[PDB]
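A short write-up of the structure that comes next.
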Amino acid sequence: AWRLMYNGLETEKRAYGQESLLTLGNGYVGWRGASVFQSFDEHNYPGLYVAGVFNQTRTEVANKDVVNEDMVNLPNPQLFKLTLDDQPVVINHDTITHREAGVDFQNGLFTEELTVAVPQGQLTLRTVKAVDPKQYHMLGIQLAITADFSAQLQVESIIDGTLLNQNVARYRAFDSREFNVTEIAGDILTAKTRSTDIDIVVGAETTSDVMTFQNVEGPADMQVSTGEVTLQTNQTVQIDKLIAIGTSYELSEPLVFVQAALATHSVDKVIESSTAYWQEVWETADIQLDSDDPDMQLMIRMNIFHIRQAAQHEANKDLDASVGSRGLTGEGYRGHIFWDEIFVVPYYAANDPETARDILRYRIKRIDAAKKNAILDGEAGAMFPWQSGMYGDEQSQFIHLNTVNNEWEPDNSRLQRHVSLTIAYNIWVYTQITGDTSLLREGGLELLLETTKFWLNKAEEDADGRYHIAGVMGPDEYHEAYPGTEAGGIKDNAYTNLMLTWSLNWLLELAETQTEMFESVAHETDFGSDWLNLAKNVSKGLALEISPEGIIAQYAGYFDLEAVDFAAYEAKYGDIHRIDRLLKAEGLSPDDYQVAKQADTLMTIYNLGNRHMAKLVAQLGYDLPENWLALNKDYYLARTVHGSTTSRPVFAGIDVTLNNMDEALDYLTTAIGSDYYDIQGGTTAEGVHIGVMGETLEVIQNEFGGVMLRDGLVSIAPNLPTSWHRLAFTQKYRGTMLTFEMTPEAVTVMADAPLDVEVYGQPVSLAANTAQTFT
């Protein structure tokens, strides 16, 4: 219910994947659930990451310099090496006779218990790891050692500054050294990133009731403290290691900070702080589901836990950082920031709104970098990059080495320009749910106006008054260009044009509802009446293509692409969720075919819902049949291979609307278990998938649970599966707490302040702390 537990040893990427899911974090660090006795090898990967701490490398590949910006794996502070009567204790898959490891979500504690066969007999090694969510620079290790014999035990407690970034196998071809160790002094190892000028300080103190540790000269780039104790048969020795982490990215004097931090804390305080923090969290953040699936309650809490470890206000208030696609759990996609934010910002807005505000500051601080990005590509306004890191410049690659013929081709990935509309959308959701218009005032409105300048300058009006947005890609990554051209991008992606229409509507509403802030920010950004009039015209004239049967074309010309025999590919190759690579191996181009990686046109429904999407299409002057949602869901589901973890939950939510409850529950269950079950093997080896974690909570709470907050009012219309006997959770709306209890036939809602809501479309006045039930 509350504990993620693993029994027995695992190997290679399956072992890496467990370490990812056993990661602890507090918004400032993420700390992989690797065994403290191991270093990077085929079955183990220690990893420690700090929010916003990146390094840039340069690797020569085929007469060309490839520059990569890597989230840094910090010097490893948890490494323990054991010695029995001056013989190294070998701890590996050949000597470990029992292993269990887990994280207790109730208190945030990782535990590992090992039994190890050594010449003299048996060694029991039990580890507790914890991160302090309040003194968030502090980490803690508790190690209990018991032998069924007596020997001299030496303990070496190490900060290992010799490691590289090696988590992702396909990245190992690149230069993987991210820092130089600059000094080791007493308890403290200092390092500096090679190209980004960040001082990294890692200090530790190792203590014990029955032994003393002393700092000694270790191998190069390793800080070492060592102690010695006589083990008595069956008598446990307990060792604490307190760790402090600081960098010059967030601190002006990280060395002094870490020295003072080690002198003023303890492992016991770390554990008690973690315990008290999570106990508080769960009083309102639990999402209780009594269903016929025995694993689903654990997976829900594992989602909440990892999302809240990825960012939490008590740390992120002091940080310049957002949530990467794998949080701080691994090196998959180098810790870059993606439009994946769209899957967690609404969660934070509804449940932990100050953390949402912290994460949105990351993009607002990078508005100027997005304006530079625009200018570099010959655009105007603010163009946010597809991949963002330290500086806010584009960190996707611009060119790609073709494996067949050793020659450089364009990389088109950055042409998913819709990421800018994700950012505006996340600020909208934040503002709608919290009512905190100070974020709009402190850069949010400037972001909307500058990104609008980008889209409005890119729009092309044709002879008939229709506006077109060309040269872009939508969320379906399989379509990067039209057939028969190397020019990147396609025209009039429906998702992009519809989200652009939404953002123009919001701009025009803010000009009326926030007039003084709008006129002030419009003056500073030169958003004059010429820009404002263009916004009005474009909001009415953007182009869509709709078939006579009512299908919205994914982009202009999509209906002329060729059909894929999916069943044939499934029979030949088995699994077609990477059909783009299957087609390319056959010399074919995915650009030529009606095949989708994930929701693209239907992504609009995830973001805005079907009613809002219908209003936008109508606003543009197009006529949809009344059953357009079923028709379009059927059409695109028949073409989608779910090459992304975030594809299935979009369809699941639509299926709830369509009352297709079995397929909705199947798709949710498949998606929510993707990291946990690891049927394919090693799926989470490079980090957990944070996006699918927030996206499956969305299906539970906002689709099945039927609670929406973004449309100017709390709207409650649950549609539970018959096997969901009880669903319960809370929400925060403009400072008011709501509590929900649903069964398949009723919903009870209570607010701690007066609130006018809608229940199944009907107006309802809630009185403070007076529940009402609707059946």
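Ligands are numbered from 1 in the order shown, residues from 1 within each chain, and chains are lettered A, B, ... in the order they appear in the structure tokens.
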
Q. Do you know which residues are at most 10 Å from stretch 371-386 of chain A counting only C-alpha atoms, after dropping those on the same chain fewer than 2 positions away, and could you put them as an MDAnalysis selection string?
A. chainID A and resid 336:339 363 366:369 388:389 392:396 413:423 446:458 525

Mind checking DSSP for stretch 301-535 of chain A and telling me the alpha helix (DSSP H) residues as a short mmCIF file (atom, residue, chain, number, x, y, z; two decimals) with N, CA, C and O atoms, in the first residue's frame?
```
data_model
loop_
_atom_site.label_atom_id
_atom_site.label_comp_id
_atom_site.auth_asym_id
_atom_site.auth_seq_id
_atom_site.Cartn_x
_atom_site.Cartn_y
_atom_site.Cartn_z
N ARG A 301 0.29 6.24 -5.25
CA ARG A 301 1.15 6.91 -4.27
C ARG A 301 2.58 7.02 -4.76
O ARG A 301 3.26 7.99 -4.45
N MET A 302 3.06 6.04 -5.55
CA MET A 302 4.42 6.17 -6.07
C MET A 302 4.51 7.35 -7.03
O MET A 302 5.51 8.08 -7.01
N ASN A 303 3.45 7.60 -7.81
CA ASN A 303 3.41 8.79 -8.67
C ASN A 303 3.47 10.07 -7.84
O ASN A 303 4.24 10.98 -8.16
N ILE A 304 2.62 10.17 -6.82
CA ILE A 304 2.57 11.40 -6.01
C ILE A 304 3.92 11.64 -5.37
O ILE A 304 4.44 12.77 -5.37
N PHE A 305 4.51 10.58 -4.81
CA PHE A 305 5.81 10.65 -4.15
C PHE A 305 6.89 11.18 -5.09
O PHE A 305 7.62 12.12 -4.75
N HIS A 306 7.02 10.58 -6.27
CA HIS A 306 8.09 11.01 -7.16
C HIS A 306 7.86 12.41 -7.72
O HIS A 306 8.82 13.17 -7.90
N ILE A 307 6.60 12.79 -7.99
CA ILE A 307 6.35 14.14 -8.46
C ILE A 307 6.72 15.16 -7.38
O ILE A 307 7.29 16.22 -7.68
N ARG A 308 6.41 14.86 -6.12
CA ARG A 308 6.76 15.79 -5.05
C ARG A 308 8.24 15.74 -4.67
O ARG A 308 8.75 16.73 -4.11
N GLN A 309 8.95 14.65 -4.98
CA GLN A 309 10.40 14.69 -4.82
C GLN A 309 11.07 15.50 -5.93
O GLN A 309 12.18 16.01 -5.72
N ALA A 310 10.42 15.63 -7.09
CA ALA A 310 11.03 16.34 -8.21
C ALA A 310 11.08 17.85 -7.99
O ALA A 310 11.97 18.52 -8.52
N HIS A 313 8.27 23.33 -2.71
CA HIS A 313 8.51 24.76 -2.49
C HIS A 313 9.58 25.04 -1.44
O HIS A 313 10.34 26.00 -1.57
N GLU A 314 9.63 24.25 -0.36
CA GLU A 314 10.59 24.59 0.69
C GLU A 314 12.02 24.59 0.14
O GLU A 314 12.88 25.33 0.63
N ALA A 315 12.30 23.79 -0.88
CA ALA A 315 13.59 23.89 -1.57
C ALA A 315 13.52 24.82 -2.78
O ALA A 315 14.36 25.71 -2.94
N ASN A 316 12.53 24.63 -3.65
CA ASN A 316 12.55 25.30 -4.95
C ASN A 316 12.30 26.80 -4.84
O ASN A 316 12.63 27.54 -5.78
N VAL A 345 2.77 20.69 -13.92
CA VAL A 345 2.37 22.02 -13.45
C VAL A 345 0.90 22.04 -13.01
O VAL A 345 0.60 22.61 -11.95
N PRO A 346 -0.05 21.46 -13.75
CA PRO A 346 -1.43 21.43 -13.25
C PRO A 346 -1.56 20.67 -11.95
O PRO A 346 -2.34 21.09 -11.08
N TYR A 347 -0.80 19.58 -11.78
CA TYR A 347 -0.82 18.89 -10.49
C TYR A 347 -0.35 19.81 -9.37
O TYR A 347 -1.01 19.91 -8.32
N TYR A 348 0.80 20.46 -9.55
CA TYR A 348 1.27 21.36 -8.50
C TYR A 348 0.29 22.50 -8.27
O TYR A 348 0.02 22.87 -7.13
N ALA A 349 -0.29 23.05 -9.35
CA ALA A 349 -1.22 24.16 -9.18
C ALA A 349 -2.40 23.77 -8.29
O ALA A 349 -2.82 24.56 -7.43
N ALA A 350 -2.94 22.56 -8.47
CA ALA A 350 -4.13 22.10 -7.74
C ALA A 350 -3.85 21.58 -6.33
O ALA A 350 -4.80 21.42 -5.55
N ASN A 351 -2.59 21.31 -5.99
CA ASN A 351 -2.26 20.61 -4.75
C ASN A 351 -1.13 21.24 -3.97
O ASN A 351 -1.05 21.03 -2.75
N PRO A 353 0.45 24.75 -4.76
CA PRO A 353 0.58 25.82 -5.77
C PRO A 353 1.86 26.63 -5.68
O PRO A 353 2.30 27.15 -6.72
N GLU A 354 2.48 26.77 -4.51
CA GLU A 354 3.72 27.55 -4.48
C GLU A 354 4.85 26.86 -5.22
O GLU A 354 5.73 27.53 -5.77
N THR A 355 4.84 25.52 -5.27
CA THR A 355 5.81 24.81 -6.10
C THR A 355 5.58 25.06 -7.59
O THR A 355 6.54 25.20 -8.35
N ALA A 356 4.31 25.10 -8.03
CA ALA A 356 4.03 25.47 -9.42
C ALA A 356 4.62 26.84 -9.75
O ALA A 356 5.21 27.03 -10.83
N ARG A 357 4.48 27.79 -8.83
CA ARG A 357 5.01 29.13 -9.07
C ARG A 357 6.53 29.10 -9.21
O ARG A 357 7.08 29.77 -10.10
N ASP A 358 7.23 28.33 -8.37
CA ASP A 358 8.69 28.23 -8.46
C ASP A 358 9.14 27.73 -9.83
O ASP A 358 10.08 28.26 -10.43
N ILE A 359 8.47 26.69 -10.33
CA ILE A 359 8.84 26.05 -11.58
C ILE A 359 8.58 26.97 -12.77
O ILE A 359 9.36 27.02 -13.72
N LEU A 360 7.48 27.72 -12.72
CA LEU A 360 7.19 28.67 -13.78
C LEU A 360 8.19 29.81 -13.82
O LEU A 360 8.42 30.38 -14.90
N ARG A 361 8.78 30.18 -12.68
CA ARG A 361 9.84 31.20 -12.68
C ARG A 361 10.99 30.82 -13.61
O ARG A 361 11.66 31.70 -14.18
N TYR A 362 11.25 29.51 -13.75
CA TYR A 362 12.35 29.04 -14.60
C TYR A 362 12.19 29.55 -16.03
O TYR A 362 13.15 30.01 -16.64
N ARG A 363 10.98 29.45 -16.58
CA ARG A 363 10.74 29.90 -17.95
C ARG A 363 10.71 31.43 -18.03
O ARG A 363 11.20 32.01 -19.00
N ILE A 364 10.13 32.09 -17.03
CA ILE A 364 10.04 33.55 -17.09
C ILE A 364 11.43 34.16 -17.04
O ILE A 364 11.72 35.13 -17.75
N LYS A 365 12.33 33.57 -16.25
CA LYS A 365 13.71 34.04 -16.22
C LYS A 365 14.40 33.85 -17.56
O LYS A 365 15.38 34.55 -17.85
N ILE A 367 12.90 34.23 -20.61
CA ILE A 367 12.21 34.91 -21.70
C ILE A 367 13.23 35.56 -22.62
O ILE A 367 13.13 35.47 -23.85
N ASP A 368 14.22 36.24 -22.04
CA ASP A 368 15.23 36.91 -22.85
C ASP A 368 16.02 35.91 -23.69
O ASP A 368 16.32 36.18 -24.87
N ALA A 369 16.35 34.75 -23.12
CA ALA A 369 17.00 33.71 -23.90
C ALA A 369 16.12 33.22 -25.04
O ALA A 369 16.63 32.86 -26.11
N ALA A 370 14.80 33.18 -24.83
CA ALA A 370 13.89 32.80 -25.91
C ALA A 370 13.80 33.87 -26.99
O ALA A 370 13.59 33.56 -28.16
N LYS A 371 13.97 35.14 -26.63
CA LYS A 371 13.98 36.18 -27.66
C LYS A 371 15.26 36.11 -28.50
O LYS A 371 15.23 36.35 -29.71
N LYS A 372 16.38 35.81 -27.86
CA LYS A 372 17.61 35.53 -28.59
C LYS A 372 17.43 34.31 -29.49
O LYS A 372 17.87 34.31 -30.66
N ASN A 373 16.79 33.26 -28.97
CA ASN A 373 16.55 32.06 -29.77
C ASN A 373 15.77 32.40 -31.03
O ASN A 373 16.13 31.97 -32.13
N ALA A 374 14.69 33.18 -30.88
CA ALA A 374 13.91 33.62 -32.03
C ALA A 374 14.79 34.32 -33.07
O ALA A 374 14.76 33.98 -34.26
N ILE A 375 15.59 35.30 -32.63
CA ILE A 375 16.40 36.09 -33.55
C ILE A 375 17.38 35.20 -34.31
O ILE A 375 17.55 35.33 -35.53
N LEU A 376 18.01 34.24 -33.61
CA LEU A 376 18.94 33.31 -34.26
C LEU A 376 18.29 32.49 -35.36
O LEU A 376 18.97 32.07 -36.30
N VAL A 419 5.98 24.11 -27.93
CA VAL A 419 6.43 24.20 -26.54
C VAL A 419 6.17 25.59 -25.96
O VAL A 419 5.89 25.73 -24.76
N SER A 420 6.22 26.63 -26.79
CA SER A 420 5.94 27.97 -26.28
C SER A 420 4.48 28.09 -25.82
O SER A 420 4.19 28.81 -24.86
N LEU A 421 3.57 27.39 -26.50
CA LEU A 421 2.16 27.42 -26.10
C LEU A 421 1.92 26.57 -24.86
O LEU A 421 0.97 26.83 -24.11
N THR A 422 2.72 25.53 -24.65
CA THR A 422 2.68 24.80 -23.39
C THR A 422 2.99 25.73 -22.22
O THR A 422 2.35 25.67 -21.17
N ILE A 423 4.00 26.59 -22.38
CA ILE A 423 4.41 27.45 -21.28
C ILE A 423 3.34 28.48 -20.97
O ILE A 423 3.00 28.70 -19.79
N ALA A 424 2.78 29.12 -22.00
CA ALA A 424 1.66 30.02 -21.78
C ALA A 424 0.50 29.29 -21.11
O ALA A 424 -0.13 29.81 -20.18
N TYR A 425 0.22 28.08 -21.59
CA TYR A 425 -0.85 27.26 -21.01
C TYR A 425 -0.61 26.99 -19.53
O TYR A 425 -1.56 27.04 -18.73
N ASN A 426 0.63 26.66 -19.15
CA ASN A 426 0.89 26.34 -17.75
C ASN A 426 0.70 27.56 -16.85
O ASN A 426 0.23 27.43 -15.71
N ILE A 427 1.06 28.75 -17.35
CA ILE A 427 0.83 29.99 -16.59
C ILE A 427 -0.66 30.28 -16.48
O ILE A 427 -1.14 30.75 -15.44
N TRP A 428 -1.41 30.00 -17.55
CA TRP A 428 -2.87 30.13 -17.50
C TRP A 428 -3.48 29.22 -16.44
O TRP A 428 -4.26 29.67 -15.59
N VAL A 429 -3.15 27.93 -16.48
CA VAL A 429 -3.67 26.99 -15.50
C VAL A 429 -3.32 27.44 -14.08
O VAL A 429 -4.16 27.42 -13.17
N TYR A 430 -2.06 27.83 -13.87
CA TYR A 430 -1.65 28.34 -12.57
C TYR A 430 -2.54 29.49 -12.13
O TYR A 430 -3.07 29.50 -11.01
N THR A 431 -2.68 30.50 -13.00
CA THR A 431 -3.46 31.68 -12.67
C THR A 431 -4.92 31.33 -12.40
O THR A 431 -5.52 31.82 -11.43
N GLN A 432 -5.49 30.47 -13.24
CA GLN A 432 -6.90 30.11 -13.09
C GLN A 432 -7.16 29.42 -11.76
O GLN A 432 -8.16 29.69 -11.09
N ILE A 433 -6.27 28.49 -11.37
CA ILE A 433 -6.51 27.64 -10.22
C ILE A 433 -6.17 28.35 -8.91
O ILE A 433 -6.87 28.19 -7.90
N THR A 434 -5.10 29.15 -8.90
CA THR A 434 -4.67 29.80 -7.67
C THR A 434 -5.25 31.20 -7.50
O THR A 434 -5.35 31.66 -6.36
N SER A 438 -0.03 37.71 -9.36
CA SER A 438 1.29 38.30 -9.23
C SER A 438 2.29 37.67 -10.18
O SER A 438 3.27 38.32 -10.57
N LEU A 439 2.08 36.40 -10.58
CA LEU A 439 3.00 35.78 -11.53
C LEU A 439 2.85 36.39 -12.92
O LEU A 439 3.86 36.64 -13.60
N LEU A 445 2.81 37.76 -17.92
CA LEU A 445 2.13 38.45 -19.01
C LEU A 445 3.11 38.84 -20.11
O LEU A 445 2.81 38.70 -21.30
N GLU A 446 4.30 39.31 -19.72
CA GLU A 446 5.35 39.56 -20.71
C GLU A 446 5.65 38.31 -21.54
O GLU A 446 5.83 38.39 -22.77
N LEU A 447 5.69 37.15 -20.89
CA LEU A 447 5.91 35.90 -21.63
C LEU A 447 4.81 35.65 -22.65
O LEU A 447 5.10 35.28 -23.80
N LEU A 448 3.55 35.83 -22.26
CA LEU A 448 2.44 35.66 -23.19
C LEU A 448 2.56 36.63 -24.37
O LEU A 448 2.38 36.23 -25.53
N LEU A 449 2.86 37.90 -24.09
CA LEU A 449 2.90 38.90 -25.15
C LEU A 449 4.07 38.64 -26.10
O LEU A 449 3.94 38.80 -27.32
N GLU A 450 5.24 38.27 -25.55
CA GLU A 450 6.39 38.03 -26.42
C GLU A 450 6.24 36.74 -27.22
O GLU A 450 6.60 36.70 -28.41
N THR A 451 5.72 35.67 -26.61
CA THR A 451 5.47 34.46 -27.41
C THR A 451 4.38 34.70 -28.45
O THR A 451 4.46 34.15 -29.56
N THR A 452 3.36 35.51 -28.13
CA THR A 452 2.35 35.87 -29.12
C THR A 452 2.97 36.61 -30.30
O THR A 452 2.62 36.34 -31.45
N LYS A 453 3.92 37.52 -30.03
CA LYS A 453 4.62 38.19 -31.11
C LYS A 453 5.28 37.18 -32.04
O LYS A 453 5.28 37.34 -33.26
N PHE A 454 5.86 36.12 -31.47
CA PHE A 454 6.47 35.08 -32.28
C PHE A 454 5.45 34.42 -33.21
O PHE A 454 5.66 34.31 -34.43
N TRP A 455 4.33 33.96 -32.65
CA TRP A 455 3.33 33.29 -33.48
C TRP A 455 2.72 34.24 -34.50
O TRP A 455 2.54 33.89 -35.68
N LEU A 456 2.42 35.47 -34.07
CA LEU A 456 1.73 36.41 -34.95
C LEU A 456 2.64 36.83 -36.09
O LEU A 456 2.19 36.97 -37.23
N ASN A 457 3.93 36.99 -35.82
CA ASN A 457 4.87 37.29 -36.90
C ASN A 457 5.05 36.10 -37.84
O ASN A 457 5.26 36.28 -39.05
N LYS A 458 4.90 34.89 -37.33
CA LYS A 458 5.04 33.71 -38.17
C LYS A 458 3.79 33.43 -39.02
O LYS A 458 3.91 32.81 -40.08
N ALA A 494 -2.94 21.01 -36.52
CA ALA A 494 -4.19 21.41 -35.88
C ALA A 494 -3.98 21.70 -34.40
O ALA A 494 -4.55 22.67 -33.87
N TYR A 495 -3.16 20.89 -33.72
CA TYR A 495 -2.88 21.12 -32.31
C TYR A 495 -2.27 22.50 -32.09
O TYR A 495 -2.68 23.24 -31.19
N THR A 496 -1.27 22.85 -32.91
CA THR A 496 -0.60 24.14 -32.76
C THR A 496 -1.57 25.29 -33.02
O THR A 496 -1.63 26.25 -32.23
N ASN A 497 -2.33 25.22 -34.12
CA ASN A 497 -3.25 26.29 -34.47
C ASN A 497 -4.36 26.45 -33.43
O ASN A 497 -4.78 27.58 -33.13
N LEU A 498 -4.86 25.34 -32.88
CA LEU A 498 -5.92 25.42 -31.86
C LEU A 498 -5.39 25.98 -30.54
O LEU A 498 -6.05 26.81 -29.90
N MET A 499 -4.22 25.52 -30.09
CA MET A 499 -3.63 26.09 -28.88
C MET A 499 -3.26 27.55 -29.07
O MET A 499 -3.36 28.34 -28.13
N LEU A 500 -2.83 27.93 -30.28
CA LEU A 500 -2.59 29.34 -30.56
C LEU A 500 -3.89 30.12 -30.49
O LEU A 500 -3.93 31.23 -29.92
N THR A 501 -4.97 29.58 -31.03
CA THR A 501 -6.26 30.24 -30.91
C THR A 501 -6.64 30.42 -29.44
O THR A 501 -7.09 31.50 -29.03
N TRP A 502 -6.45 29.38 -28.62
CA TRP A 502 -6.73 29.50 -27.19
C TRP A 502 -5.92 30.64 -26.56
O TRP A 502 -6.45 31.44 -25.77
N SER A 503 -4.63 30.72 -26.88
CA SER A 503 -3.77 31.71 -26.23
C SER A 503 -4.14 33.14 -26.64
O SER A 503 -3.96 34.08 -25.85
N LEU A 504 -4.59 33.32 -27.88
CA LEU A 504 -5.04 34.63 -28.32
C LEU A 504 -6.33 35.02 -27.60
O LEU A 504 -6.48 36.18 -27.18
N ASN A 505 -7.25 34.07 -27.44
CA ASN A 505 -8.44 34.33 -26.62
C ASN A 505 -8.05 34.77 -25.22
O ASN A 505 -8.66 35.68 -24.66
N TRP A 506 -7.06 34.10 -24.62
CA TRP A 506 -6.67 34.47 -23.25
C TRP A 506 -6.04 35.85 -23.22
O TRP A 506 -6.32 36.64 -22.30
N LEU A 507 -5.18 36.15 -24.19
CA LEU A 507 -4.62 37.50 -24.28
C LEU A 507 -5.72 38.55 -24.35
O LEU A 507 -5.69 39.55 -23.62
N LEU A 508 -6.70 38.34 -25.22
CA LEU A 508 -7.76 39.34 -25.37
C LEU A 508 -8.63 39.43 -24.12
O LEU A 508 -9.14 40.52 -23.80
N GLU A 509 -8.79 38.33 -23.38
CA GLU A 509 -9.51 38.41 -22.11
C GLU A 509 -8.72 39.18 -21.05
O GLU A 509 -9.30 39.94 -20.27
N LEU A 510 -7.40 39.02 -21.02
CA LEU A 510 -6.57 39.73 -20.04
C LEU A 510 -6.55 41.23 -20.31
O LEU A 510 -6.47 42.03 -19.37
N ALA A 511 -6.61 41.63 -21.58
CA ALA A 511 -6.70 43.04 -21.91
C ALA A 511 -7.94 43.68 -21.31
O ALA A 511 -7.94 44.89 -21.03
N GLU A 512 -9.00 42.90 -21.06
CA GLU A 512 -10.22 43.42 -20.44
C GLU A 512 -10.28 43.20 -18.94
O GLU A 512 -10.76 44.07 -18.20
N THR A 513 -9.82 42.05 -18.45
CA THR A 513 -9.94 41.75 -17.03
C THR A 513 -8.75 42.23 -16.21
O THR A 513 -8.87 42.35 -14.99
N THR A 515 -6.71 45.22 -17.11
CA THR A 515 -6.39 46.30 -18.04
C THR A 515 -5.14 47.07 -17.62
O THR A 515 -4.31 47.39 -18.48
N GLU A 516 -4.98 47.36 -16.34
CA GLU A 516 -3.83 48.21 -16.01
C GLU A 516 -2.53 47.45 -16.15
O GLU A 516 -1.52 48.01 -16.61
N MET A 517 -2.52 46.17 -15.76
CA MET A 517 -1.31 45.37 -15.94
C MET A 517 -1.03 45.16 -17.43
O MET A 517 0.13 45.22 -17.87
N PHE A 518 -2.08 44.95 -18.22
CA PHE A 518 -1.91 44.72 -19.65
C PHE A 518 -1.33 45.96 -20.34
O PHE A 518 -0.40 45.85 -21.14
N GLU A 519 -1.88 47.14 -20.06
CA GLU A 519 -1.37 48.34 -20.72
C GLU A 519 0.07 48.63 -20.32
O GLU A 519 0.88 49.05 -21.16
N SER A 520 0.41 48.37 -19.06
CA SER A 520 1.79 48.52 -18.60
C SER A 520 2.73 47.54 -19.29
O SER A 520 3.76 47.93 -19.85
N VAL A 521 2.38 46.25 -19.30
CA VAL A 521 3.27 45.29 -19.95
C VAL A 521 3.27 45.46 -21.47
O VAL A 521 4.31 45.28 -22.11
N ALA A 522 2.13 45.83 -22.06
CA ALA A 522 2.11 46.07 -23.51
C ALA A 522 3.01 47.24 -23.90
O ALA A 522 3.64 47.22 -24.97
N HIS A 523 3.08 48.27 -23.06
CA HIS A 523 3.97 49.39 -23.33
C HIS A 523 5.43 48.96 -23.29
O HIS A 523 6.22 49.32 -24.18
N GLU A 524 5.82 48.18 -22.28
CA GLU A 524 7.21 47.74 -22.14
C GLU A 524 7.64 46.79 -23.25
O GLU A 524 8.82 46.75 -23.60
N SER A 529 -1.29 48.73 -30.79
CA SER A 529 -2.58 48.41 -31.39
C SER A 529 -2.43 47.66 -32.71
O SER A 529 -3.35 46.95 -33.11
N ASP A 530 -1.28 47.78 -33.38
CA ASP A 530 -1.05 46.98 -34.57
C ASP A 530 -0.90 45.50 -34.23
O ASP A 530 -1.46 44.63 -34.91
N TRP A 531 -0.14 45.18 -33.17
CA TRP A 531 -0.07 43.79 -32.73
C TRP A 531 -1.41 43.29 -32.22
O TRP A 531 -1.82 42.16 -32.52
N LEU A 532 -2.13 44.12 -31.45
CA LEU A 532 -3.39 43.69 -30.86
C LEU A 532 -4.44 43.40 -31.93
O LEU A 532 -5.22 42.45 -31.81
N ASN A 533 -4.47 44.21 -32.99
CA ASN A 533 -5.41 43.97 -34.08
C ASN A 533 -5.04 42.71 -34.85
O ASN A 533 -5.93 42.00 -35.32
N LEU A 534 -3.74 42.44 -35.01
CA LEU A 534 -3.33 41.19 -35.65
C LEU A 534 -3.77 40.00 -34.83
O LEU A 534 -4.21 38.98 -35.37
N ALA A 535 -3.68 40.11 -33.50
CA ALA A 535 -4.13 39.01 -32.64
C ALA A 535 -5.61 38.72 -32.86
O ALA A 535 -6.00 37.55 -32.99
#
```

Q) Near residue A:604, counting only C-alpha atoms, which residues have an atom at most 8 Å away, once you skip same-chain residues fewer than 2 positions from it, shown as a list in words? A)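 In the requested format, the answer is residues 495, 498, 499, 600, 601, 602, 606, 607, 608, 609 and 613 of chain A.
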
For the selection you just gave me, I'd like the residues written to a file as a CSV table (one decimal), in the first residue's frame, keeping N, CA, C and O atoms.
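Below is the file part.csv, written as the result:
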```
chain,number,residue,atom,x,y,z
A,495,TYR,N,-3.2,20.9,-33.7
A,495,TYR,CA,-2.9,21.1,-32.3
A,495,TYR,C,-2.3,22.5,-32.1
A,495,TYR,O,-2.7,23.2,-31.2
A,498,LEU,N,-4.9,25.3,-32.9
A,498,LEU,CA,-5.9,25.4,-31.9
A,498,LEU,C,-5.4,26.0,-30.5
A,498,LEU,O,-6.1,26.8,-29.9
A,499,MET,N,-4.2,25.5,-30.1
A,499,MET,CA,-3.6,26.1,-28.9
A,499,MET,C,-3.3,27.6,-29.1
A,499,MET,O,-3.4,28.3,-28.1
A,600,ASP,N,-1.7,14.0,-31.0
A,600,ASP,CA,-1.3,15.2,-31.6
A,600,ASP,C,-2.6,16.1,-31.7
A,600,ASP,O,-2.8,17.0,-30.9
A,601,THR,N,-3.4,15.9,-32.7
A,601,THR,CA,-4.7,16.5,-32.7
A,601,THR,C,-5.5,16.3,-31.4
A,601,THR,O,-6.1,17.3,-30.9
A,602,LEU,N,-5.4,15.1,-30.9
A,602,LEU,CA,-6.2,14.8,-29.6
A,602,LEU,C,-5.5,15.4,-28.4
A,602,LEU,O,-6.1,15.4,-27.3
A,606,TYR,N,-6.7,16.7,-24.1
A,606,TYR,CA,-6.0,16.6,-22.8
A,606,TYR,C,-5.9,18.0,-22.2
A,606,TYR,O,-6.2,18.2,-21.0
A,607,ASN,N,-5.5,19.0,-23.0
A,607,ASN,CA,-5.2,20.3,-22.5
A,607,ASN,C,-6.4,21.1,-22.1
A,607,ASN,O,-6.5,21.8,-21.1
A,608,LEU,N,-7.5,21.0,-23.0
A,608,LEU,CA,-8.6,22.0,-22.9
A,608,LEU,C,-9.9,21.3,-22.7
A,608,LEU,O,-10.9,21.9,-22.3
A,609,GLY,N,-10.0,20.0,-23.0
A,609,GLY,CA,-11.3,19.3,-23.0
A,609,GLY,C,-12.0,19.5,-24.3
A,609,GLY,O,-11.8,20.4,-25.1
A,613,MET,N,-12.4,22.7,-26.9
A,613,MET,CA,-11.8,22.5,-28.3
A,613,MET,C,-12.9,22.7,-29.3
A,613,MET,O,-12.6,23.3,-30.4
```

Q: Can you pull out every residue within 12 Å of residue A:256, counting only C-alpha atoms, but drop anything in the same chain fewer than 6 positions away, and send it as a list in words?
A: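 Answer for this query is residues 188, 190, 201, 202, 203, 244, 245, 246, 247, 248, 262 and 263 of chain A.
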
Q: Excluding residue A:178 and any residue of its chain fewer than 6 positions from it, enumerate the residues within 12 Å of it, using only C-alpha atoms, and give them as a PyMOL selection string.
A: chain A and resi 53-58+68-75+161-166+191-200
